[PDB]
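**Student:** Quick one: structure below, then a few questions.
In PDB author numbering, the protein residues as written are 1 to 168.
Laid out in C-alpha cells, this is it:
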C-alpha cells in the first residue's frame, strides 16, 4: 500500500492494487519490489490490456513467456533482471513496444537483439551494464541489426541525448 513492502508474491500484490478498480480500468501500475515465482509471472493478467505503464525491476525474473498479450502497453521498464536472451516473445506479445529498457540484463552479445529486428517501432532502448556494450563498436553493432531504432543509450543517431517532456 503506502509503505512499500517486499517479500510478497506478484499475484498477492497485484491484488492489493486491483482493490481500487478492475485491472482493465488501470493505466499506470508499478510492480516493483515484488517476488516472482521462479521467474514466472504468476499474477499479471491479460486484463491489464488497458494498462500502458508497466514497471518491472528487482523482481528477479528470467522468463518472458508468461507476459500477457499487451497490444496497448508501449512502455516497459525492465532492469536488474536475469534476462540473458530470448527476446522474441516480446516481438509478438508487444508488437507496439516503443519504450524498452534493457540496462542491467544478462545480455552479453548482439544476437540477443536478433528477434528485435521484427519490431519496427522501438524508438528508444537502453542496454547499459552489459558486456555487449563493450563489444567493438557496440553502438553500431546494434544499429546495423536494428535499423528502426532511433535512440540508443539515451543518445540518438546524432549523438544527442533524448528529450525530457512532450516525448510521445
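The C-beta atom is built at its ideal place from N, Cα and C for all residues, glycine as well.
(1) Compute the distance between the beta-carbons of residue 123 and residue 150, then report whether it is under 8 Å.
(2) Take residue 99 as the anchor and find which of 22, 157 and 54 has the nearest alpha-carbon.
(3) Which residue marks the beginning of the alpha helix (DSSP H) containing residue 18, and which one marks its end?
(4) Please return the same chain residues whose Cβ sits closer than 6 Å to the Cβ of residue 62, not counting the five positions on each side in sequence.
(5) Residue 80 and residue 104 - do their beta-carbons sit closer together than 8 Å?
(6) Measure the alpha-carbon distance for residue 18 versus residue 58 and round it to whole angstroms.
**Tutor:** Based on what the coordinates show:
(1) In contact: residue 123 and residue 150 (Cβ atoms closer than 8 Å).
(2) Residue 54 is the option with its Cα nearest to residue 99.
(3) Per DSSP, the continuous alpha helix (DSSP H) segment holding residue 18 begins and ends at 10-18.
(4) These residues qualify, in order along the chain: 39 and 82.
(5) At the C-beta level, residue 104 and residue 80 come within 8 Å of one another.
(6) Looking at the backbone, the Cα of residue 18 and that of residue 58 are separated by about 21 Å.
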